[PDB]
Amino acid sequence: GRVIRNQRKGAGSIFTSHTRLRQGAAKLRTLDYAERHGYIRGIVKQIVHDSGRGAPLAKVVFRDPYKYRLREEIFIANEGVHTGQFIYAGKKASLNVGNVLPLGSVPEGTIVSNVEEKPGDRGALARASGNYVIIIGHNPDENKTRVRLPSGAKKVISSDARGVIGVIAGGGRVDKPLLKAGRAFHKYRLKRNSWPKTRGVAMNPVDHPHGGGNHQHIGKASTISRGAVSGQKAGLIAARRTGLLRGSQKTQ
Amino acid sequence: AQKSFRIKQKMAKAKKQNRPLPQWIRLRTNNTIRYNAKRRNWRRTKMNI
Amino acid sequence: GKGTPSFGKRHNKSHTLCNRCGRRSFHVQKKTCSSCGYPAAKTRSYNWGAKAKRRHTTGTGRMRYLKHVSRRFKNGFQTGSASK
Amino acid sequence: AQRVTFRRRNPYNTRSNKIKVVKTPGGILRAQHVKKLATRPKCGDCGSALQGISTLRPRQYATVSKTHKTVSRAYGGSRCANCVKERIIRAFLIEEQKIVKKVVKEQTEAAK
RNA sequence: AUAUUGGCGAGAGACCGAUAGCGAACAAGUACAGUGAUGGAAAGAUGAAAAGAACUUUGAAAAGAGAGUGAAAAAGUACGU
RNA sequence: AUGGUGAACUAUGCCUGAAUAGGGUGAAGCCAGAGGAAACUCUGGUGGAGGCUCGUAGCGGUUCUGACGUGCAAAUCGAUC
RNA sequence: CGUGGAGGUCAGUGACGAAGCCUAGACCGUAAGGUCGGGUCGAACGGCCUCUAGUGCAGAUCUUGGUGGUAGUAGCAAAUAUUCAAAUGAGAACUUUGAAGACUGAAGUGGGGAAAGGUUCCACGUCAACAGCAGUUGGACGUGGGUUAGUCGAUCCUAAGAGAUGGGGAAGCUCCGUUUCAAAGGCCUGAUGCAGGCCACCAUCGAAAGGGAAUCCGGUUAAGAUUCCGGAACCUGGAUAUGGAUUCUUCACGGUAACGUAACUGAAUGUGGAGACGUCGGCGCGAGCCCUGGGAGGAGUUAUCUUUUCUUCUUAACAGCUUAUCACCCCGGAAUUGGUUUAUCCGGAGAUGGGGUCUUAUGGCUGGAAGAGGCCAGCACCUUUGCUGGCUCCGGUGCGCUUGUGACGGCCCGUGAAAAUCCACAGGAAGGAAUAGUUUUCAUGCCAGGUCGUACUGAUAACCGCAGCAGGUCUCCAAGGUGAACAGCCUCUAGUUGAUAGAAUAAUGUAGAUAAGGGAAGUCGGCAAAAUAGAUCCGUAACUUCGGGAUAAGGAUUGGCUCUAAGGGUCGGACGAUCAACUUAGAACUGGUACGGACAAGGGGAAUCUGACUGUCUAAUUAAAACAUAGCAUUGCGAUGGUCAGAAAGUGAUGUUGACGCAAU
RNA sequence: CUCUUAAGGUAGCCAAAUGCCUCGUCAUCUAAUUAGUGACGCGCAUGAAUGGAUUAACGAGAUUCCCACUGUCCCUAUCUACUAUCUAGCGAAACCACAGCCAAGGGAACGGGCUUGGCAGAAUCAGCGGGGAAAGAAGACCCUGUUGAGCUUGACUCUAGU
RNA sequence: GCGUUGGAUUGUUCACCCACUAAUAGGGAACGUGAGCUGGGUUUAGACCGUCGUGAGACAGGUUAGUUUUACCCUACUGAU
RNA sequence: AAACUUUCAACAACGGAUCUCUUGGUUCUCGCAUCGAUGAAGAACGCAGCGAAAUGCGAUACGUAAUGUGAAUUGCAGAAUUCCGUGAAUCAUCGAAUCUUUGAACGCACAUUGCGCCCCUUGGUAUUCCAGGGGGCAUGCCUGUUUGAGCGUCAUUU
Ligand SMILES: CN[C@@H]1[C@@H](O)[C@@H](O[C@@H]2[C@@H](O)[C@H](O[C@H]3O[C@H]([C@@H](C)O)[C@@H](O)[C@H](O)[C@H]3N)[C@@H](N)C[C@H]2N)OC[C@]1(C)O
Ligand SMILES: CN[C@@H]1[C@@H](O)[C@@H](O[C@@H]2[C@@H](O)[C@H](O[C@H]3O[C@H]([C@@H](C)O)[C@@H](O)[C@H](O)[C@H]3N)[C@@H](N)C[C@H]2N)OC[C@]1(C)O
Ligand SMILES: CN[C@@H]1[C@@H](O)[C@@H](O[C@@H]2[C@@H](O)[C@H](O[C@H]3O[C@H]([C@@H](C)O)[C@@H](O)[C@H](O)[C@H]3N)[C@@H](N)C[C@H]2N)OC[C@]1(C)O
Ligand SMILES: [Mg+2]
Ligand SMILES: [Mg+2]
Ligand SMILES: [Mg+2]
Ligand SMILES: [Mg+2]
Ligand SMILES: [Mg+2]
Ligand SMILES: [Mg+2]
Ligand SMILES: [Mg+2]
Ligand SMILES: [Mg+2]
Ligand SMILES: [Mg+2]
Ligand SMILES: [Mg+2]
Ligand SMILES: [Mg+2]
Ligand SMILES: [Mg+2]
Ligand SMILES: [Mg+2]
Ligand SMILES: [Mg+2]
Ligand SMILES: [Mg+2]
Ligand SMILES: [Mg+2]
Ligand SMILES: [Mg+2]
Ligand SMILES: [Mg+2]
Ligand SMILES: [Mg+2]
Ligand SMILES: [Mg+2]
Ligand SMILES: [Mg+2]
Ligand SMILES: [Mg+2]
Ligand SMILES: [Mg+2]
Ligand SMILES: [Mg+2]
Ligand SMILES: [Mg+2]
Ligand SMILES: [Mg+2]
Ligand SMILES: [Mg+2]
Ligand SMILES: [Mg+2]
Ligand SMILES: [Mg+2]
Ligand SMILES: [Mg+2]
Ligand SMILES: [Mg+2]
Ligand SMILES: [Mg+2]
Ligand SMILES: [Mg+2]
Ligand SMILES: [Mg+2]
Ligand SMILES: [Mg+2]
Ligand SMILES: [Mg+2]
Ligand SMILES: [Mg+2]
Ligand SMILES: [Mg+2]
Ligand SMILES: [Mg+2]
Ligand SMILES: [Mg+2]
Ligand SMILES: [Mg+2]
Ligand SMILES: [Mg+2]
Ligand SMILES: [Mg+2]
Ligand SMILES: [Mg+2]
Ligand SMILES: [Mg+2]
Ligand SMILES: [Mg+2]
Ligand SMILES: [Mg+2]
Ligand SMILES: [Mg+2]
Ligand SMILES: [Mg+2]
Ligand SMILES: [Mg+2]
Ligand SMILES: [Mg+2]
Ligand SMILES: [Mg+2]
Ligand SMILES: [Mg+2]
Ligand SMILES: [Mg+2]
Ligand SMILES: [Mg+2]
Ligand SMILES: [Mg+2]
Ligand SMILES: [Mg+2]
Ligand SMILES: [Mg+2]
Ligand SMILES: [Mg+2]
Ligand SMILES: [Mg+2]
Ligand SMILES: [Mg+2]
Ligand SMILES: [Mg+2]
Ligand SMILES: [Mg+2]
Ligand SMILES: [Mg+2]
Ligand SMILES: [Mg+2]
Ligand SMILES: [Mg+2]
Ligand SMILES: [Mg+2]
Ligand SMILES: [Mg+2]
Ligand SMILES: [Mg+2]
Ligand SMILES: [Mg+2]
Ligand SMILES: [Mg+2]
Ligand SMILES: [Mg+2]
Ligand SMILES: [Mg+2]
Ligand SMILES: [Mg+2]
Ligand SMILES: [Mg+2]
Ligand SMILES: [Mg+2]
Ligand SMILES: [Mg+2]
Ligand SMILES: [Mg+2]
Ligand SMILES: [Mg+2]
Ligand SMILES: [Mg+2]
Ligand SMILES: [Mg+2]
Ligand SMILES: [Mg+2]
Ligand SMILES: [Mg+2]
Ligand SMILES: [Mg+2]
Ligand SMILES: [Mg+2]
Ligand SMILES: [Mg+2]
Ligand SMILES: [Mg+2]
Ligand SMILES: [Mg+2]
Ligand SMILES: [Mg+2]
Ligand SMILES: [Mg+2]
Ligand SMILES: [Mg+2]
Ligand SMILES: [Mg+2]
Ligand SMILES: [Mg+2]
Ligand SMILES: [Mg+2]
Ligand SMILES: [Mg+2]
Ligand SMILES: [Mg+2]
Ligand SMILES: [Mg+2]
Ligand SMILES: [Mg+2]
Ligand SMILES: [Mg+2]
Ligand SMILES: [Mg+2]
Ligand SMILES: [Mg+2]
Ligand SMILES: [Mg+2]
Ligand SMILES: [Mg+2]
Ligand SMILES: [Mg+2]
Ligand SMILES: [Mg+2]
Ligand SMILES: [Mg+2]
Ligand SMILES: [Mg+2]
Ligand SMILES: [Mg+2]
Ligand SMILES: [Mg+2]
Ligand SMILES: [Mg+2]
Ligand SMILES: [Mg+2]
Ligand SMILES: [Mg+2]
Ligand SMILES: [Mg+2]
Ligand SMILES: [Mg+2]
Ligand SMILES: [Mg+2]
Ligand SMILES: [Mg+2]
Ligand SMILES: [Mg+2]
Ligand SMILES: [Mg+2]
Ligand SMILES: [Mg+2]
Ligand SMILES: [Mg+2]
Ligand SMILES: [Mg+2]
Ligand SMILES: [Mg+2]
Ligand SMILES: [Mg+2]
Ligand SMILES: [Mg+2]
Ligand SMILES: [Mg+2]
Ligand SMILES: [Mg+2]
Ligand SMILES: [Mg+2]
Ligand SMILES: [Mg+2]
Ligand SMILES: [Mg+2]
Ligand SMILES: [Mg+2]
Ligand SMILES: [Mg+2]
Ligand SMILES: [Mg+2]
Ligand SMILES: [Mg+2]
Ligand SMILES: [Mg+2]
Ligand SMILES: [Mg+2]
Ligand SMILES: [Mg+2]
Ligand SMILES: [Mg+2]
Ligand SMILES: [Mg+2]
Ligand SMILES: [Mg+2]
Ligand SMILES: [Mg+2]
Ligand SMILES: [Mg+2]
Ligand SMILES: [Mg+2]
Ligand SMILES: [Mg+2]
Ligand SMILES: [Zn+2]
Ligand SMILES: [Zn+2]
């Protein structure tokens, strides 16, 4: 057989991301003397819309500590940050929407976004529009913090690792019916070419394992091992369960 | 229109060679040429740039 | 018309003039030429291609330096000049 | 009933190729290439197009006299006036209120 | 001492005799096809010697008819048979 | 089988440009007014939305199973669409 | 028996004619074959005994070449179209010129380009071949001639992308990486290494449509012209001086302000603004075009009519004055809310109003610049075509057309590039007068601007389709009427009038039409054809997701001419004066009852199957009920990861990303 | 009640583009209807995102009727151009064992040819589609070959990855 | 000898009804007749359903879309010299 | 009886068979050891009194020097051409040069005749901007030189 869609994605020819109109990589300030001991102000000068992100960006300027000049950082604008808000960053900063602090510096139940996985990565978790973590507990001895990611799974990460106070703006975005096929087009136009998708059951067996039949049908289990081989994995991969999910979710 | 020199030069060597035999060649001794074999024309054999 | 009406669209040279061998084999978008492999250091050749080989090997050119090297060898590689 | 032709090598209607119909001394109409309009420089504070400043294309700002690059006030062609007016008041009131903050905290250290 | 379908320089053959013999005995890796890698032809012989037919004549010309050259125009550059 | 050469066509993504008669419809926003005890309800404008619509050019290719069927043409021609 | 070649022989045949070819002439053999004569011919060749093999052809849809019958046959019928005379020439249905009929009709058969071609361009010479008739013509043949730039492009910059380098993989050809686990390099000052301060971006290629330093009109050639000639400019880089301004209050005053200006030090180091940007809607306004009144010239018609029909009446970049919506500043303090757009938005965060400041788009006057260009008249007599003169002027009209642009409005889970450049600002290093010092952003003045391209075509003959192929191939310009209108139809300008022709007018056809009575009985099926149609008014069902359905259905009207009524602009203080529009309604008369009169232009109704819809695909037999999609649902993944790529890697896609996310159904 | 299952077809829909029987039966429309539509349902073999049912609007999608309209038809007729046709010039191709009048006979079971008969007279133009089992392509169906490729799977034998 | 029809469903041959009719006999001519037609069925390549198959695919089970070439030769025939 | 059709012949056509040639091909043997940064093979573009090609050569361009031979070259034209002579000639021979644009191709590029840098010199009034002219800057590595870097590390200053 041929090479299926999902294998062909991976050397990334026409599949790589549509990078042109993009405001540049959103990140925190580097983790330096100013944030891990004192605190350091910045001003949000501009909040502005990123192409292929649902989440508005905040352009926040700081003062270079070690030479005379301004340095601009690209911040994921939590809901409520506004043009010309002062923003304070570091261990000893205060608790206000939009300031960033290490994690052992906030109470539990604190609602924070863009958190670092390890301190210094300039932000990892909950960068999506409307997406946040909650600090659920600290272990000061071997300083950690317990936090529930927007998936809901629970993780133990260094209290040093920073986060930004509040939830990301522009939430409720996926609350709206896309409503017609073109609207889908432009959304993925700026994102990548995954779209549209053609069912592997509507092709011939050389285009896909779901190919073939004098009726369209899968004809063998569409749950497929973790251990499958590339070009064996389409359908439900390594699913522990299948079928319509009844009753209530939400782990603990 | 606006052409590379490399092209506008080969164009010149082209035009320069598009000519009938020099008729005096025929008179030479043991001369086996008759006409110009390699003669080209714009509308017939294009040069391939 | 997978034919004629859609040959009416061929205006764009796949290759231009190779610098090294002059062959109009120089692939534009690939910035290399399909005959001698310029710009590769060595000049492209293969053994299944003996007709290509025979086409381009030594002796289809001017042999500008090499010609006389059999003469020069004949003489013991002389320096100076003859007298009278 | 006269028609007209591009005066340059670009048949296409692009931005650089703008064209104007001109009736000459000869009594004939003729094409003329316009440059793309100039857009007034803007305030580096509020983003306002700033008044008094002459409006050209960028290297046309190296052929012209220094007095139409600015007006007379400090921060002449940078900011929009009322925005210089602002950064003055804020500058004064915050260096004043900076004095007020110094002597209240020298009274917090001794009076403790 | 052994190797040698390359290079340079030599002697040969119960070999081939221009549809043969190397694809090419010729301005042959030519002309030409192809985007390209590549592919890839046809095509030798007037006569000892041009002596390549002065001159007249019909024709607008090409030519034709005479004449002429030559051992031979039953060799006239469409040329040996 | 091995080693090569193609995205001038065509498929799809990216970068940068260019292009698209005249009509039908009349969405939010808004202005005036009318009924009613109230809650509320009507009326006339205004505005100009829509992968809206008649329909050129554009792009397409439905039918004649029309022409052609050693063609104009190795896919074209007309009408209809 | 025969053929190519070899050893031996016949001192074999031959230019007094070898070999080969031709010959219903002669002879030997059963035969394969052999011999001879005659013809043609020119240079070598044969018998015998042996040797050797690329050794004998009717075929293999055999290979290469050559030739017939078909056959003077199929054919040379799309793109409305040709005619008369003369010139030339051996020759004219076809070339030139003159006259006539027409066409393309500004969505071109016109005027230019991009790709591509590459001399086609133009002149002369010319007709063997080519131009599926012809050829005196050509895009053919032959000989020449031709493409002029500081300003038009290229060069520069960056985009997707490509790609050296310390490196890392790979036996290797080489793979990987462009910031890359690197000792990466410069620049301005001076006191040529030196003192210094820095700044440290680590290549490069990648746009003749993106960005960008700067030229216009007139004239000129056979062919080039935004390039040449004439005048009139602007820029960039170098040079420097004179005037002007500035200073004894050293780095200018004025203005409350917004701002002014002829100027009016500035090192980094920083910062800010142009470069720099979607799309649609309506409103304003500019420019060109369109229409049109008066007049000054030329042209046409004039039996009759027309103060008539046609046409000339122009103003470049550049420089000065001036000119604008927007946004401002000052005065003043609002309910009785006012102001305001076609479009509801503005005001105590300072409106309405009085008064000012600015951008200089764009217009106005002048300079340029009439001396140009355009239209006329009178000369003068072959000698050239010179020379003289004249007029070139004043207005109007708008839902007009095109194109620019402004101020706004709709739109988005789409919010619509980057770099090289140019400027400013903050800033206060350093350098500066009084016996004279500072001033290249005010004026004027000097030198320099290379290199490659530039002809023409741009297509029913200059490109690709084997070709002068009814195909394919990017774009700018765009007049008059009718009309909703770049429709269709007719026309002005320019450009064609090319396509083998002549004579007929059988069958059958291709292409276009009409039919009495019937009205789908034809047939797989109304295939095909007919019927319908524009606009104003009236009328308008089942169902419905309340948006639709819907032009549902179904009716009536429509010409021309002659009247009425309604609808606006500008002034000076229920009015009056005046200027300038075609729209709509209405009414009379009128006709062989005709009037969307050519053109243009829906057939409709009830249902079943089926896909929701817009969209997509099998180029070249399948447009569908297939695919896609919005919606629904399921799976995997918290990066030390899921999915995927790779021979490997200090490798890579999602990833400028993090569950409102990426990946798989 | 009984045998049996992991569970024994639920809600729905139906002779449906899913029904063999089959032109199912009844109804309806017609003069007449293997068609359409409405019903019925032990449904060969209907049926729940292998999606079931329903559905406004849409559609160059398959089907049925009706009105209008018609040369679709009864049934043909007439006109216009361009052809064909004759002329000058220009001038191919397919195809071709040899060739070309029948009947019947026999024959490899359908002859232009052989056999026995009918018969038979130059050179020809325009048509035509009976024959040349016409031409077009070493049958694409079918078989055979110890010949293949595309594709599939608990076929043999392996293999990247993991 | 001579005539043996017009329609409804059906691609159909067949079947079956309606109607007129003197009558609506049966058959042959390569199951006459596709370089005469048509292309509705069958019988490729798209697609739906049902049954079968783990699957590719199968189904003599139901559906829908699906390019109909050439005569100028000989003869034959029709007319013409 | 012509025409027509066939068959034979002669002449004429058409075509290139035969025969004879042979500066070519083929094979066998013998001898020889020589490309390149001292820019190779190859490439493009040029060079002639009159050439389109082949061959030859490079802005000294069918060629320059040098050596040998000893009068040609030739298609025409042409030579203060100079023949008992440092001398014809497209002769042979080759020991000295030239050698455009390139090319492993080397300053950077290269669909460009596109853009730098450094030294000498000349000219514009010029260390600096413009121009002309000559001469130069690729990479990996070895030997060596000079300048450097690191609490890697040893001494020595008070
Ligand atoms: C001794 N072992 C380590 C060795 O494992 C390796 O570590 C690299 C480290 O150098 C890289 O780190 C470096 O290189 C990366 C690079 C990927 O761009 C840079 O982003 C990063 O800033 C830089 N410090 C790190 N990002 C990856 C480690 N495996 O190289 C560093 C080292 C110290 O030699
Ligand atoms: C088994 N079928 C093959 C097959 O090749 C067939 O005909 C093909 C045909 O199927 C191909 O193409 C086919 O499919 C394309 C498709 C793109 O729509 C169609 O354009 C085309 O009409 C159709 N015949 C055609 N390009 C070549 C023929 N030899 O029939 C002949 C055959 C060789 O036996
Ligand atoms: C369909 N083709 C046939 C063809 O076969 C051919 O042959 C027939 C042949 O079939 C007849 O032959 C027949 O006649 C005999 C009987 C008459 O003795 C029967 O018994 C016998 O079955 C049968 N074969 C013969 N009598 C006439 C031919 N022309 O010629 C006549 C025809 C009609 O064209
Ligand atoms: Mg594969
Ligand atoms: Mg990317
Ligand atoms: Mg896609
Ligand atoms: Mg989906
Ligand atoms: Mg899908
Ligand atoms: Mg499919
Ligand atoms: Mg598979
Ligand atoms: Mg599977
Ligand atoms: Mg399947
Ligand atoms: Mg299927
Ligand atoms: Mg399915
Ligand atoms: Mg399905
Ligand atoms: Mg199953
Ligand atoms: Mg000779
Ligand atoms: Mg001779
Ligand atoms: Mg060609
Ligand atoms: Mg070609
Ligand atoms: Mg080319
Ligand atoms: Mg294309
Ligand atoms: Mg390409
Ligand atoms: Mg070639
Ligand atoms: Mg070869
Ligand atoms: Mg020696
Ligand atoms: Mg436009
Ligand atoms: Mg040969
Ligand atoms: Mg040969
Ligand atoms: Mg000879
Ligand atoms: Mg001779
Ligand atoms: Mg003779
Ligand atoms: Mg004689
Ligand atoms: Mg003879
Ligand atoms: Mg002779
Ligand atoms: Mg001959
Ligand atoms: Mg002869
Ligand atoms: Mg392409
Ligand atoms: Mg009221
Ligand atoms: Mg639409
Ligand atoms: Mg529509
Ligand atoms: Mg189709
Ligand atoms: Mg057809
Ligand atoms: Mg035909
Ligand atoms: Mg032999
Ligand atoms: Mg003889
Ligand atoms: Mg002889
Ligand atoms: Mg043999
Ligand atoms: Mg033979
Ligand atoms: Mg033979
Ligand atoms: Mg035989
Ligand atoms: Mg012939
Ligand atoms: Mg003839
Ligand atoms: Mg004829
Ligand atoms: Mg004829
Ligand atoms: Mg025809
Ligand atoms: Mg005449
Ligand atoms: Mg003519
Ligand atoms: Mg007309
Ligand atoms: Mg032109
Ligand atoms: Mg042109
Ligand atoms: Mg001709
Ligand atoms: Mg220039
Ligand atoms: Mg560049
Ligand atoms: Mg690389
Ligand atoms: Mg490297
Ligand atoms: Mg390396
Ligand atoms: Mg440009
Ligand atoms: Mg210009
Ligand atoms: Mg000239
Ligand atoms: Mg842009
Ligand atoms: Mg009169
Ligand atoms: Mg200008
Ligand atoms: Mg006001
Ligand atoms: Mg007006
Ligand atoms: Mg030009
Ligand atoms: Mg041109
Ligand atoms: Mg054009
Ligand atoms: Mg061509
Ligand atoms: Mg009108
Ligand atoms: Mg019109
Ligand atoms: Mg015609
Ligand atoms: Mg008629
Ligand atoms: Mg009728
Ligand atoms: Mg009637
Ligand atoms: Mg009726
Ligand atoms: Mg019917
Ligand atoms: Mg129809
Ligand atoms: Mg309605
Ligand atoms: Mg109606
Ligand atoms: Mg007026
Ligand atoms: Mg009346
Ligand atoms: Mg659909
Ligand atoms: Mg198709
Ligand atoms: Mg749903
Ligand atoms: Mg049924
Ligand atoms: Mg149903
Ligand atoms: Mg039913
Ligand atoms: Mg029924
Ligand atoms: Mg019926
Ligand atoms: Mg059922
Ligand atoms: Mg049953
Ligand atoms: Mg079932
Ligand atoms: Mg089921
Ligand atoms: Mg279920
Ligand atoms: Mg089922
Ligand atoms: Mg359903
Ligand atoms: Mg559709
Ligand atoms: Mg449809
Ligand atoms: Mg149905
Ligand atoms: Mg005929
Ligand atoms: Mg004729
Ligand atoms: Mg025949
Ligand atoms: Mg008999
Ligand atoms: Mg018989
Ligand atoms: Mg018979
Ligand atoms: Mg026969
Ligand atoms: Mg016999
Ligand atoms: Mg027949
Ligand atoms: Mg035939
Ligand atoms: Mg076969
Ligand atoms: Mg077979
Ligand atoms: Mg066997
Ligand atoms: Mg196999
Ligand atoms: Mg296959
Ligand atoms: Mg039978
Ligand atoms: Mg039959
Ligand atoms: Mg037949
Ligand atoms: Mg047929
Ligand atoms: Mg059929
Ligand atoms: Mg069918
Ligand atoms: Mg196929
Ligand atoms: Mg269809
Ligand atoms: Mg005929
Ligand atoms: Mg006789
Ligand atoms: Mg010879
Ligand atoms: Mg060299
Ligand atoms: Mg020579
Ligand atoms: Mg000498
Ligand atoms: Mg020599
Ligand atoms: Mg010698
Ligand atoms: Mg030299
Ligand atoms: Mg150049
Ligand atoms: Mg270049
Ligand atoms: Mg100097
Ligand atoms: Mg310089
Ligand atoms: Zn090359
Ligand atoms: Zn401001």
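For chain C, we keep the numbers from Swiss-Prot: what you see runs 2-85, in order.
From the backbone N, Cα and C atoms, a Cβ is placed for every residue, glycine too.
In the three-state DSSP scheme, C:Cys34 (Zn(2+) binding site) falls into the strand class. Residues or ranges marked as Zn(2+) binding site in Swiss-Prot (evidence: experimental evidence): C:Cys19, C:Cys22, C:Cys34, C:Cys37.
Here Swiss-Prot flags C:19-37 as zinc finger, drawing on sequence analysis.
Within 10 Å of the C-beta atom of C:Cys37 (Zn(2+) binding site) sit 21 other C-beta atoms, taking all shown protein chains into account. When Cβ neighbours within 10 Å are tallied across all protein chains shown, the highest count among the binding-site residues C:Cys19, C:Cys22, C:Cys34 belongs to C:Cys34. Within 8 Å of the centroid of the Cβ atoms of C:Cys19, C:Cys22, C:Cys34, C:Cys37, where the record puts Zn(2+), the same chain has further Cβ atoms from C:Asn20, C:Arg21, C:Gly23, C:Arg24, C:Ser26, C:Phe27, C:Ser35, C:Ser36, C:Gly38, C:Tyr39.
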